[PDB]
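Numbering (our numbering), first residue to last: 94 to 245.
Beta carbons: idealized from backbone N, C-alpha and C, even for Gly.
Please read the structure below before turning to the comments.
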Ligand code: HEM
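Dropping the structure here:
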């Protein structure tokens, strides 16, 4: 649950992402894959990537980064009223991709890391607080659907 002022911070930060969605999406996935190499094994189309240089050179990884952040941005713009947008993603990630909630924690922290890396000194403590709360809400509502499905 976020206040109006917190949502305003989230959507202000998101403007930074929308200026370069592919570059942000690429770096988020690279941070996930290099920090948590077990996550790469869930992607049949990226498991061939052995080095970060190959990851950086992969145009399909940048494409998928655009898909991921476009979906997340659509959810964030609903300011919590995201049941219709979130349900299909919860279902596909639990039942088809088999993504444990832990990996959603990993990618949430990766987003925070990338924002500081690309905007050092321009991602203030209030903005980090609000973005963190928004990603916690996203993860918590996914977790509720995971529990319904019995997925661990
Ligand atoms: C912010 C969190 C995430 C968002 C918004 C997101 C979004 C998406 C979307 C929109 C798709 C394509 C449609 C679909 O299959 O539902 C997708 C596919 C997929 N996601 Fe995610 N995802 C997220 C996190 C993760 C994480 C953490 C993992 C694994 C560590 C993951 C694994 C996958 C896989 C394996 C696919 C299929 C890729 C393919 O072969 O095309 N997702 N995701």
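Original post:
If you measure from the beta carbon of residue 227 to each beta carbon in chain C, is any gap under 7 Å?
Top reply: Any reference to chain C falls outside this structure, which holds one protein chain only.
Subject >> Cβ separation of residue 143 and residue 119, assumed to be a contact under 8 Å, to the nearest whole Å >> reply: Contact flag wrong, Cβ pair sits at about 17 Å.
Original post:
Is residue 244 near the ligand HEM, with its Cβ less than 6 Å from a heavy atom?
Top reply: no
Original post:
residue 174: buried (16+ other C-beta within 10 angstroms of its C-beta) or exposed?
Top reply: exposed
**OP:** Using three-state DSSP, classify residue 175 as helix, strand or coil.
**Re:** coil
Subject >> Candidates 234, 139, 207, 180, of which the one nearest residue 106 by Cα >> reply: 207
**OP:** Confirm, please, whether the CB-CB distance from residue 162 to residue 192 is below 7 Å.
**Re:** no
Subject >> Pairwise C-alpha distance: residue 111 and residue 215 >> reply: 16 Å
Original post:
residue 125: buried (16+ other C-beta within 10 angstroms of its C-beta) or exposed?
Top reply: buried
Original post:
Buried or exposed: which applies to residue 243, given that a residue is buried once 16 or more other Cβ atoms fall within 10 Å of its Cβ?
Top reply: exposed
Original post:
Do residue 121 and residue 66 come within 7 Å of each other at the CB atom, strictly closer than that value?
Top reply: Any property of residue 66 remains undetermined from this structure, which presents the chain solely from 94 to 245.
Original post:
Which whole runs of the alpha helix (DSSP H) in the stretch 123–201 are 4 residues long or more, in chain order?
Top reply: 145–150, 152–169, 176–184
Subject >> Beta-carbon contacts of residue 200 that lie in its chain and below 6 Å, excluding the five residues immediately before and after >> reply: 125
Original post:
Using a Cβ-Cβ cut-off of 7 Å (strictly less than) and excluding sequence neighbours within five positions of residue 181, which residues of its own chain qualify?
Top reply: none
Original post:
Beta carbon of residue 138: closer than 6 Å to some heavy atom of the ligand HEM?
Top reply: yes
Original post:
In or out: residue 187 buried (at least 16 other Cβ within 10 Å) or exposed?
Top reply: buried
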